[PDB]
Every structure is written in structure tokens, then in C-alpha cells.
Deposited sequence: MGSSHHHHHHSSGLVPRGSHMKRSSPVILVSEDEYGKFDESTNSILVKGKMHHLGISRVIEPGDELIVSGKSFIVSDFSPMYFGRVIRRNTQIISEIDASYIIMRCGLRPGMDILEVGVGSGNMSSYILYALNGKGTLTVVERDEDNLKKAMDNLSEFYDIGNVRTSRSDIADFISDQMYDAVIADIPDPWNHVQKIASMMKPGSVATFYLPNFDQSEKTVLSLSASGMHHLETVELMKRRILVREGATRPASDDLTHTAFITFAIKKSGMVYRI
């Protein structure tokens, strides 16, 4: 554990000495601090995290081989494809998808380009999904994540990150409001807008090409449940 994260300021943690640097410095008195632990220093909450490249710019998502990733809602399989490429045959992907046909289509598409021997699927609603495993990351693209945050939280390793994709502001806001009661800590939510440009002047094109496409992406960290105050 080296990073202290929050919805605004970030800091650094040294576990050998239990020191907190957020600028100014503090120390904890000698239990072992773990990822997901909450450190409240002068009334402000920080969550202990291992380093991840998403935090690099704040202290000066992160897919890597070996992770066990949970994907709730598959879509076209496009996200699954990026996940498998990054895993590079090491680690596993678990896909929970309520729609049987969408699931089959996605897996058929993926199997054309990837060995899917490290992929497991559950054709079920996330509410009914039962897993004994804890995941290193959760990626969620479902209609109503606010109704499944406690469930999703229960299968996240402490200090791990969940990414939620929502199509509009109102759903994004409802999702964020649901986070604290689940044992997750909101990091940030972004509106991302993409549009393709510099298409051949006057060319006939797919209608989509001139559209701006918008995603609302919420990141949250799983808390261990342990709180220290200094």
C-alpha cells in the first residue's frame, strides 16, 4: 500500500513506518495497514490503495496480466476484447450477462480473435449471480447499478476499483449517491464525449460519424471496512 486516495486530495503512505504524507505529514500508532483501509486524518477520509496508473498524475483504468476481472453486462464484447488483450492469457475474465442472445453473440465474436479458455460466463442477472471468488476489478455496464452496489461490493477485493458506465447524467448521479451505503468510496465521475472528425469532405458516411457520443464513467474503490483515526 503506497497511495492514499479520495474524492479530492491524494497522498502517499509508507507501511514500514505507517507515515502519511498529503505536503504535510502525520503518523499512525503498529497494526498492519491494508489496501481499502480508511484513514481519517483531521476529519478527512483517505482510502489506502496499492499503486495503479490511474493515480499516477494525482500523486506526482489499470489493466495488467494476472488479474481476475468481473464484467457485468457484456454489450458487443468490445470491452471484453480489450480486457483479454491486456490480460495476455494470464488471469481470468468472468462475464455476467442477463440476455442469453447478447451473451452468445459476444462470446462468438470474441472466440474469432481470442483463445477464450480464461473466460467464464454466467447467464444471469447480477442480483442472482453467486460467486465464491473475489475480483481484482469490476467493470459494469448495466441499466440500474444503484440496485446492485452491495452485491458488487461483496465480491471486490479491498482496495480494488469498480468502473460504472452510464448513458446519462441523472443515472450517473443516482449511481454515485448509492456508493457510500455499499462499502465503496467514490473517486470520480467523468463525462466523456467523443466525435469523429476529418472525414473526407463531402463524402457519404454513416450517420453515426457526425454524432457526438457521450459516456458517464464513475470510478469507486472498495473499502476493507477498517477505519483508523489520527
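Judged by missing C-alpha atoms, the gaps in the deposited chain sequence fall at residues 1-25, 48, 56, 88-105, listed in sequence order.
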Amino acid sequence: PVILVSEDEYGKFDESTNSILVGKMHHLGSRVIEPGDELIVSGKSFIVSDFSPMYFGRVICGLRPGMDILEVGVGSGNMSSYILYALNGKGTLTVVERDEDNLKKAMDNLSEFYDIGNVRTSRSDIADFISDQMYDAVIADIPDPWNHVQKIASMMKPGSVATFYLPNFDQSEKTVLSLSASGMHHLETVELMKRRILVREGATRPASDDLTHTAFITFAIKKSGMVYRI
From here on, numbers count along this sequence of modelled residues.
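Remark: stretch with higher mean C-alpha B factor among 195-203 and 159-167 is 195-203.
Look at the C-alpha B-factors of 125-133 and of 101-109. On average they run higher in 125-133.
Placement of the Cα temperature factor of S180 within the chain: highest third of the modelled residues, per the deposited record. Among all modelled residues in this chain, the alpha-carbon of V227 has a temperature factor (C-alpha) in the lowest third. Among all modelled residues in its chain, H27 ranks in the highest third by Cα B-factor.
Among all modelled residues in this chain, the alpha-carbon of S52 has a temperature factor (C-alpha) in the middle third. For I40, the recorded CA temperature factor ranks within the middle third of the chain's modelled residues.
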